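S.K.: sharing an experimental structure here, sequence included.
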Amino acid sequence: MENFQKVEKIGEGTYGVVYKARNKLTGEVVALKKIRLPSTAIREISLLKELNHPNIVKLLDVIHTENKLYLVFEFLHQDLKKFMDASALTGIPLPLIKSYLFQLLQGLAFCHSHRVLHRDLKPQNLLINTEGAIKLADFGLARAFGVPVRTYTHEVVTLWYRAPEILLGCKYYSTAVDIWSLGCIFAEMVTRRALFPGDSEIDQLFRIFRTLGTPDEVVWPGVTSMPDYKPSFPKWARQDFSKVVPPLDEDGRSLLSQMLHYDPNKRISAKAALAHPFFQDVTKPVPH
Ligand SMILES: COC1CCN(c2nccc(Nc3cc4c(ccn4C4CCCC4)cn3)n2)CC1
(Lines give C-alpha, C1' and ligand atoms only; values in the text may rest on other atoms or scores of the structure.)
Protein backbone atom coordinates (compact mmCIF):
# COMPACT_ATOMS: atom_id res chain seq x y z
CA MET A 1 0.00 0.00 0.00
CA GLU A 2 1.49 3.29 -1.23
CA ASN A 3 0.01 5.09 1.79
CA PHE A 4 2.15 3.31 4.39
CA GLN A 5 5.80 3.70 5.30
CA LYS A 6 7.07 0.54 7.04
CA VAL A 7 8.97 1.46 10.22
CA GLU A 8 9.89 -1.93 11.65
CA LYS A 9 8.79 -5.54 11.76
CA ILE A 10 6.70 -6.29 14.89
CA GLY A 11 6.32 -10.02 14.47
CA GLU A 12 4.85 -12.98 12.67
CA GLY A 13 1.18 -13.60 13.32
CA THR A 14 -0.92 -16.70 12.62
CA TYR A 15 -1.91 -15.50 9.15
CA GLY A 16 0.71 -12.94 8.15
CA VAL A 17 3.56 -10.62 9.01
CA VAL A 18 2.88 -7.56 11.17
CA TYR A 19 4.72 -4.25 10.65
CA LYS A 20 4.74 -0.98 12.53
CA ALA A 21 3.95 1.61 9.84
CA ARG A 22 3.13 5.29 9.35
CA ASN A 23 0.29 6.62 7.20
CA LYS A 24 2.04 8.85 4.64
CA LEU A 25 -0.98 11.21 4.51
CA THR A 26 -2.25 11.47 8.10
CA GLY A 27 1.02 10.59 9.87
CA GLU A 28 -0.92 8.04 11.96
CA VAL A 29 1.20 5.21 13.41
CA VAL A 30 -0.45 1.81 12.95
CA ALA A 31 0.14 -1.94 13.05
CA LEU A 32 -0.12 -3.29 9.53
CA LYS A 33 -0.89 -6.99 9.07
CA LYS A 34 -0.20 -8.32 5.60
CA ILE A 35 -1.97 -11.59 4.77
CA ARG A 36 -1.32 -13.51 1.52
CA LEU A 37 -4.91 -13.91 0.23
CA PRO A 38 -11.92 -15.56 -0.38
CA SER A 39 -15.00 -13.33 -0.48
CA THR A 40 -16.73 -14.73 2.65
CA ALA A 41 -13.58 -13.86 4.65
CA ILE A 42 -13.64 -10.24 3.41
CA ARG A 43 -17.32 -9.86 4.32
CA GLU A 44 -16.71 -11.24 7.82
CA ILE A 45 -13.58 -9.22 8.54
CA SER A 46 -15.08 -5.98 7.17
CA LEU A 47 -17.92 -6.28 9.72
CA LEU A 48 -15.32 -6.25 12.51
CA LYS A 49 -14.73 -2.55 11.73
CA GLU A 50 -17.93 -1.83 13.68
CA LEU A 51 -16.96 -4.03 16.68
CA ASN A 52 -15.42 -1.20 18.70
CA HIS A 53 -14.65 -1.27 22.44
CA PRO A 54 -11.85 0.18 24.59
CA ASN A 55 -10.50 -3.34 25.36
CA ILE A 56 -10.52 -4.49 21.69
CA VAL A 57 -7.69 -3.43 19.42
CA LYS A 58 -9.26 -1.06 16.88
CA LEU A 59 -9.47 -2.27 13.29
CA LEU A 60 -8.98 0.95 11.32
CA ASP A 61 -9.19 -0.41 7.76
CA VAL A 62 -9.37 -3.55 5.66
CA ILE A 63 -7.57 -3.19 2.32
CA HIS A 64 -7.97 -6.00 -0.24
CA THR A 65 -5.60 -5.46 -3.15
CA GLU A 66 -3.47 -7.54 -5.56
CA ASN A 67 -4.43 -10.83 -3.83
CA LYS A 68 -3.14 -9.58 -0.49
CA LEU A 69 -5.27 -8.62 2.48
CA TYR A 70 -4.00 -5.77 4.65
CA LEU A 71 -5.49 -5.20 8.08
CA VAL A 72 -4.72 -1.81 9.59
CA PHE A 73 -4.91 -1.82 13.40
CA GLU A 74 -4.25 0.67 16.14
CA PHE A 75 -0.66 0.31 17.37
CA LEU A 76 0.14 -0.79 20.91
CA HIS A 77 3.73 -0.89 22.11
CA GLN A 78 3.91 -4.36 23.79
CA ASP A 79 2.22 -7.77 24.19
CA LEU A 80 1.44 -9.57 27.44
CA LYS A 81 3.84 -12.41 26.65
CA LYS A 82 6.83 -10.05 26.63
CA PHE A 83 5.59 -8.36 29.82
CA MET A 84 5.17 -11.73 31.58
CA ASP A 85 8.70 -12.76 30.52
CA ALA A 86 10.13 -9.42 31.74
CA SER A 87 8.26 -9.88 35.05
CA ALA A 88 9.53 -13.47 35.55
CA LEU A 89 11.71 -12.68 38.60
CA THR A 90 9.19 -10.71 40.64
CA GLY A 91 5.84 -11.65 39.02
CA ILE A 92 3.11 -9.23 37.93
CA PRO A 93 1.61 -7.60 41.02
CA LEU A 94 -1.82 -9.04 41.89
CA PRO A 95 -3.60 -5.71 41.56
CA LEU A 96 -2.34 -5.40 37.96
CA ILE A 97 -3.26 -9.04 37.21
CA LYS A 98 -6.74 -8.30 38.55
CA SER A 99 -7.03 -5.10 36.47
CA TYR A 100 -5.95 -6.91 33.33
CA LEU A 101 -8.37 -9.81 33.89
CA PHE A 102 -11.21 -7.30 34.59
CA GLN A 103 -10.49 -5.42 31.37
CA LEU A 104 -10.18 -8.59 29.28
CA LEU A 105 -13.52 -9.82 30.61
CA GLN A 106 -15.06 -6.49 29.53
CA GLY A 107 -13.66 -7.02 26.04
CA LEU A 108 -15.07 -10.56 25.93
CA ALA A 109 -18.44 -9.47 27.34
CA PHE A 110 -18.72 -6.93 24.57
CA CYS A 111 -17.76 -9.22 21.67
CA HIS A 112 -19.84 -12.12 23.03
CA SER A 113 -22.90 -9.81 23.27
CA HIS A 114 -22.51 -9.35 19.49
CA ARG A 115 -22.04 -13.13 19.02
CA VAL A 116 -18.41 -12.77 17.95
CA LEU A 117 -15.88 -15.21 19.43
CA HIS A 118 -12.11 -14.95 19.43
CA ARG A 119 -11.34 -18.70 19.59
CA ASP A 120 -7.53 -18.34 19.81
CA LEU A 121 -6.74 -16.20 22.83
CA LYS A 122 -3.11 -16.33 23.99
CA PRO A 123 -0.66 -13.93 25.68
CA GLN A 124 0.78 -12.97 22.27
CA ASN A 125 -2.53 -11.39 21.13
CA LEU A 126 -3.13 -9.45 24.36
CA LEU A 127 -1.67 -6.00 23.98
CA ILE A 128 -0.77 -3.47 26.69
CA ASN A 129 0.09 0.21 26.95
CA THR A 130 1.97 2.27 29.57
CA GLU A 131 -1.27 3.68 31.09
CA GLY A 132 -2.53 0.33 32.38
CA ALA A 133 -4.87 -0.70 29.54
CA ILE A 134 -4.95 -4.17 27.99
CA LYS A 135 -6.71 -5.04 24.72
CA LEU A 136 -7.59 -8.16 22.75
CA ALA A 137 -6.09 -8.43 19.27
CA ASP A 138 -7.19 -10.59 16.29
CA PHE A 139 -10.80 -10.87 17.50
CA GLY A 140 -12.94 -12.45 14.79
CA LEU A 141 -10.09 -13.64 12.54
CA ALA A 142 -10.55 -17.34 13.46
CA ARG A 143 -14.14 -17.38 12.12
CA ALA A 144 -13.02 -15.76 8.87
CA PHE A 145 -9.94 -17.93 8.23
CA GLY A 146 -10.05 -20.91 10.61
CA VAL A 147 -7.35 -21.67 13.20
CA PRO A 148 -4.63 -23.58 11.37
CA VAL A 149 -2.25 -26.23 12.73
CA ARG A 150 0.77 -24.16 11.68
CA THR A 151 1.11 -20.45 10.97
CA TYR A 152 2.05 -18.96 7.60
CA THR A 153 5.72 -19.43 8.66
CA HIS A 154 5.13 -23.08 9.71
CA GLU A 155 5.31 -22.23 13.41
CA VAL A 156 3.18 -24.49 15.60
CA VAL A 157 -0.04 -22.79 16.69
CA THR A 158 -0.13 -23.22 20.46
CA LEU A 159 -2.63 -25.61 22.03
CA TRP A 160 -2.04 -24.41 25.60
CA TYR A 161 -5.18 -22.24 25.82
CA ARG A 162 -7.52 -24.51 23.84
CA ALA A 163 -10.79 -25.51 25.50
CA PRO A 164 -11.54 -29.23 26.04
CA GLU A 165 -14.64 -29.23 23.83
CA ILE A 166 -12.46 -28.18 20.87
CA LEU A 167 -9.87 -30.87 21.67
CA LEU A 168 -12.65 -33.48 21.90
CA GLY A 169 -13.86 -32.62 18.38
CA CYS A 170 -17.01 -30.53 18.88
CA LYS A 171 -17.83 -28.57 15.70
CA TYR A 172 -19.97 -25.92 17.37
CA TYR A 173 -17.93 -23.71 19.69
CA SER A 174 -19.64 -21.37 22.09
CA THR A 175 -18.37 -18.15 23.70
CA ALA A 176 -17.29 -20.42 26.57
CA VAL A 177 -14.13 -21.36 24.64
CA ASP A 178 -12.82 -17.82 25.21
CA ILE A 179 -13.53 -17.97 28.97
CA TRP A 180 -11.49 -21.19 29.15
CA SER A 181 -8.54 -19.53 27.35
CA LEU A 182 -8.69 -16.48 29.59
CA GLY A 183 -8.75 -18.68 32.73
CA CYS A 184 -5.57 -20.43 31.50
CA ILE A 185 -3.94 -17.03 30.92
CA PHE A 186 -5.09 -15.81 34.41
CA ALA A 187 -3.42 -18.83 35.99
CA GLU A 188 -0.25 -18.20 33.98
CA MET A 189 -0.04 -14.59 35.18
CA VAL A 190 -0.39 -15.71 38.78
CA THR A 191 2.03 -18.63 38.79
CA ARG A 192 4.52 -17.45 36.15
CA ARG A 193 4.21 -20.80 34.34
CA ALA A 194 1.77 -22.06 31.71
CA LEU A 195 -1.08 -24.03 33.26
CA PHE A 196 -1.45 -26.73 30.55
CA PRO A 197 1.66 -26.57 28.25
CA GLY A 198 0.63 -29.41 25.91
CA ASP A 199 2.79 -30.32 22.92
CA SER A 200 0.18 -32.33 21.02
CA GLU A 201 -3.62 -32.57 21.11
CA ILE A 202 -3.52 -35.66 23.33
CA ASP A 203 -0.81 -34.25 25.61
CA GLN A 204 -2.93 -31.09 25.94
CA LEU A 205 -6.01 -33.11 26.86
CA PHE A 206 -4.18 -35.36 29.31
CA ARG A 207 -2.57 -32.33 31.03
CA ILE A 208 -6.05 -30.90 31.53
CA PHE A 209 -7.29 -34.24 32.85
CA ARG A 210 -4.34 -34.67 35.27
CA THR A 211 -5.23 -31.37 36.97
CA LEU A 212 -9.00 -31.14 36.68
CA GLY A 213 -9.84 -34.87 36.69
CA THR A 214 -10.82 -36.99 33.72
CA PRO A 215 -14.30 -35.78 32.76
CA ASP A 216 -17.27 -38.11 32.97
CA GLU A 217 -21.03 -37.90 32.53
CA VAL A 218 -21.42 -36.68 36.16
CA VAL A 219 -19.53 -33.42 35.57
CA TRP A 220 -20.09 -33.08 31.82
CA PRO A 221 -23.29 -34.59 30.38
CA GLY A 222 -22.69 -35.89 26.89
CA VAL A 223 -18.87 -35.91 27.13
CA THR A 224 -18.61 -39.64 26.41
CA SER A 225 -20.47 -39.16 23.09
CA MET A 226 -18.09 -36.50 21.76
CA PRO A 227 -16.30 -37.29 18.47
CA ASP A 228 -12.77 -37.72 19.85
CA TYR A 229 -13.68 -39.06 23.28
CA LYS A 230 -12.21 -42.53 23.98
CA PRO A 231 -13.35 -44.78 26.83
CA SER A 232 -9.67 -45.76 27.13
CA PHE A 233 -8.68 -42.30 28.40
CA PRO A 234 -6.90 -42.78 31.73
CA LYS A 235 -8.95 -41.82 34.80
CA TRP A 236 -7.09 -39.19 36.81
CA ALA A 237 -8.38 -37.71 40.06
CA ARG A 238 -9.04 -34.00 40.34
CA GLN A 239 -6.45 -31.88 42.18
CA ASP A 240 -7.20 -29.09 44.67
CA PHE A 241 -6.99 -25.56 43.20
CA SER A 242 -4.95 -24.65 46.26
CA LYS A 243 -2.15 -26.64 44.56
CA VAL A 244 -2.86 -25.31 41.06
CA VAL A 245 -2.54 -21.54 41.55
CA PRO A 246 -0.79 -20.76 44.80
CA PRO A 247 -0.71 -18.24 46.38
CA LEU A 248 -3.94 -16.94 44.83
CA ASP A 249 -6.70 -16.06 47.36
CA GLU A 250 -10.06 -17.85 47.70
CA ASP A 251 -11.97 -15.29 45.58
CA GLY A 252 -9.49 -15.72 42.71
CA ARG A 253 -9.49 -19.51 43.05
CA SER A 254 -13.31 -19.50 42.99
CA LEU A 255 -13.40 -17.40 39.82
CA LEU A 256 -10.69 -19.51 38.15
CA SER A 257 -12.51 -22.76 39.01
CA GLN A 258 -15.69 -21.40 37.40
CA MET A 259 -13.76 -20.32 34.27
CA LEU A 260 -12.40 -23.86 33.92
CA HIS A 261 -15.63 -25.85 34.33
CA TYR A 262 -15.61 -28.72 31.86
CA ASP A 263 -19.23 -28.31 30.77
CA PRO A 264 -19.32 -25.19 28.53
CA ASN A 265 -22.91 -24.62 29.71
CA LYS A 266 -21.76 -24.41 33.32
CA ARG A 267 -18.65 -22.33 32.60
CA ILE A 268 -19.04 -18.78 33.89
CA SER A 269 -19.90 -16.11 31.30
CA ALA A 270 -17.83 -12.95 30.89
CA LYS A 271 -20.76 -10.86 32.17
CA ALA A 272 -21.16 -13.05 35.27
CA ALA A 273 -17.40 -13.04 35.87
CA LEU A 274 -17.39 -9.21 35.95
CA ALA A 275 -19.79 -9.39 38.93
CA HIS A 276 -17.61 -11.89 40.82
CA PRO A 277 -16.38 -10.85 44.32
CA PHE A 278 -12.74 -11.09 43.16
CA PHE A 279 -13.29 -7.70 41.47
CA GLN A 280 -14.77 -5.94 44.52
CA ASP A 281 -11.45 -4.08 45.11
CA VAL A 282 -10.32 -3.79 41.47
CA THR A 283 -8.17 -0.78 40.60
CA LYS A 284 -6.23 0.39 37.54
CA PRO A 285 -2.49 0.39 38.33
CA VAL A 286 0.13 1.48 35.81
CA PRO A 287 2.61 -1.21 34.79
CA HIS A 288 6.37 -1.44 34.82
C1 LIG B 1 3.09 -12.98 17.27
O2 LIG B 1 3.92 -11.83 17.11
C3 LIG B 1 3.83 -10.91 18.20
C4 LIG B 1 5.16 -10.19 18.46
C5 LIG B 1 5.02 -9.28 19.69
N6 LIG B 1 3.76 -8.49 19.70
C7 LIG B 1 3.87 -7.10 19.65
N8 LIG B 1 4.98 -6.56 20.13
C9 LIG B 1 5.16 -5.23 20.13
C10 LIG B 1 4.16 -4.41 19.62
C11 LIG B 1 2.99 -5.01 19.12
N12 LIG B 1 2.01 -4.15 18.62
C13 LIG B 1 0.80 -4.50 18.02
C14 LIG B 1 0.53 -5.79 17.57
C15 LIG B 1 -0.69 -6.07 16.99
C16 LIG B 1 -1.63 -5.02 16.86
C17 LIG B 1 -2.81 -5.61 16.21
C18 LIG B 1 -2.54 -6.90 16.01
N19 LIG B 1 -1.27 -7.21 16.45
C20 LIG B 1 -0.62 -8.53 16.43
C21 LIG B 1 -1.11 -9.33 17.66
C22 LIG B 1 -1.11 -10.83 17.25
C23 LIG B 1 -0.65 -10.83 15.76
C24 LIG B 1 -1.06 -9.43 15.26
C25 LIG B 1 -1.29 -3.75 17.33
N26 LIG B 1 -0.11 -3.53 17.89
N27 LIG B 1 2.88 -6.35 19.15
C28 LIG B 1 2.50 -9.11 19.23
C29 LIG B 1 2.74 -9.86 17.92
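M.R.: Looks like it arrived, so ask away. Numbers count the residues shown, from 1 in each chain.
S.K.: got the residue ranges for the strands in the chain?
M.R.: Assigned by DSSP state E, the strands in the chain fall at 4-12, 16-23, 29-35, 59-65, 68-74, 78-79, 126-128, 134-136.
S.K.: and the contacts of the second one?
M.R.: With contact meaning CB atoms under 8 Å, 6 or more residues apart in numbering, strand 16-23 is reached by 3-12, 28-36, 69, 75, 152. (Each C-beta comes from the backbone N, C-alpha and C, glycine too.)
S.K.: 6 Å - rerun?
M.R.: Residues outside strand 16-23 that contact it (CB atoms under 6 Å, 6 or more residues apart in numbering): 3-11, 29-35, 152.
S.K.: just the buried ones among those, please.
M.R.: If you count burial by 16 or more other CB atoms under 10 Å, the buried members of the contacts of strand 16-23 come out as 4, 10, 30, 31, 32, 33, 34, 35.
S.K.: so the fourth one makes contact with residue 72?
M.R.: No: in this structure residue 31 lies outside contact range of residue 72 using CB atoms under 6 Å: 7.7 Å.
S.K.: now distance to residue 156 too, for the strands of the chain, in JSON lines please.
M.R.: Shown next, in JSON lines, are the strands of the chain (distance: least, CB to CB, whole Å):
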{"stretch": "strand 4-12", "distance to residue 156": "12"}
{"stretch": "strand 16-23", "distance to residue 156": "17"}
{"stretch": "strand 29-35", "distance to residue 156": "19"}
{"stretch": "strand 59-65", "distance to residue 156": "26"}
{"stretch": "strand 68-74", "distance to residue 156": "23"}
{"stretch": "strand 78-79", "distance to residue 156": "18"}
{"stretch": "strand 126-128", "distance to residue 156": "19"}
{"stretch": "strand 134-136", "distance to residue 156": "22"}
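S.K.: could those strands go into JSON lines alongside distance to the ligand?
M.R.: Output for the strands of the chain, formatted as JSON lines (distance: least, CB to the nearest ligand atom, whole Å):
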{"stretch": "strand 4-12", "distance to the ligand": "3"}
{"stretch": "strand 16-23", "distance to the ligand": "5"}
{"stretch": "strand 29-35", "distance to the ligand": "3"}
{"stretch": "strand 59-65", "distance to the ligand": "8"}
{"stretch": "strand 68-74", "distance to the ligand": "4"}
{"stretch": "strand 78-79", "distance to the ligand": "4"}
{"stretch": "strand 126-128", "distance to the ligand": "5"}
{"stretch": "strand 134-136", "distance to the ligand": "8"}
